[PDB]
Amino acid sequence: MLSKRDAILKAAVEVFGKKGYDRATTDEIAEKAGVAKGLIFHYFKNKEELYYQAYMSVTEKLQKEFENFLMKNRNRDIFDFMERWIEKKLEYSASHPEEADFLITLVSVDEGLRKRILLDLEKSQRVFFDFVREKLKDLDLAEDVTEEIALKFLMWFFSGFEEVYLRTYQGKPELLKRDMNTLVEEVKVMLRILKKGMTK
């Protein structure tokens, strides 16, 4: 069976993703996890720490999948790189819907909690950011488009698309699987649009 801490973290992902941070209570996470309530306090102190730890836990496993992807695909054109990784993220969300539902809740938590998580994730997200930045120096940019506007626009596209499908398909993995081909084709054309508009 799961360790206690892992049982609580799984229950937390499920409850938080189902109800959002403010509505969820630790008592129902403990009940979901079938664990003594004071065990949540033992391991996590309070609800805010539980959420943050659950959040770091899910992102940590994704960061690792990203790190291998980056190693193997490091030489690709950056738009092909992005498209391929978006496909993998879409694949993962469909097979891990509870985790995907949980991740999108980061917009509900107070200012302070979301900023803490963003401060503590900055170092890991900057790994993808710094790779895009270096890859853009190889790009034959339009005479009116700076590497800065390119980086800004590409990251917004990337992060914004993820936000859109996670929110749109929230709690509906079968719908995501059903639209997967179409989303993928749409993402291909949009990245080609951006490449063509940004380059000579």
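In case it trips you up, residue 1 is the first one in the sequence shown, and so on. If you superpose the two forms and keep the largest set of C-alpha atoms that fall within 1.5 Å, you have the rigid core.
Participant: Given a rigid core fit, name the stretch, 177-185 or 15-23, whose C-alphas are on average farther from the form shown here in 7 other deposited structures of this protein.
Facilitator: Checking 177-185 against 15-23 in 7 other deposited structures of this protein, I find the farther stretch is 15-23.
Participant: C-alpha RMS from this form in 7 other deposited structures of this protein, rigid core superposed: larger for 82-90 or 100-108?
Facilitator: Higher root mean square deviation of C-alphas in 7 other deposited structures of this protein is shown by 100-108.
Participant: Quick check on the record: does 21-29 or 187-195 carry the larger mean Cα temperature factor?
Facilitator: Result: 21-29.
Participant: Of 82-90 and 109-117, which one has the bigger average CA B-factor?
Facilitator: Here the higher of the two C-alpha B-factor means belongs to 109-117.
Participant: From the list 150, 175, 54, 35, select the residue with the highest C-alpha B factor recorded in the entry.
Facilitator: Of 150, 175, 54, 35, 35 has the highest C-alpha B-factor.
Participant: Taking the chain's C-alpha temperature factors as the reference, tell me which third residue 132 falls into: lowest, middle or highest.
Facilitator: Residue 132: CA B-factor falls in the middle third of its chain.
Participant: Within this chain's modelled residues, let me know which third the CA B factor of residue 123 belongs to: lowest, middle or highest.
Facilitator: Tercile = highest for this residue's CA B-factor.
Participant: Using the temperature factors of the C-alpha atoms in this entry, rank residue 104 within its chain: lowest, middle or highest third.
Facilitator: Middle third, going by the recorded CA B-factors of the chain.
Participant: In terms of the chain's CA B-factor thirds, is residue 58 lowest, middle or highest?
Facilitator: Its C-alpha B-factor belongs to the middle third of this chain's values.
Participant: Could you place residue 164 in the lowest, middle or highest third of its chain by Cα temperature factor, using the values in the record?
Facilitator: According to the entry, residue 164 has a C-alpha B-factor in the chain's middle third.
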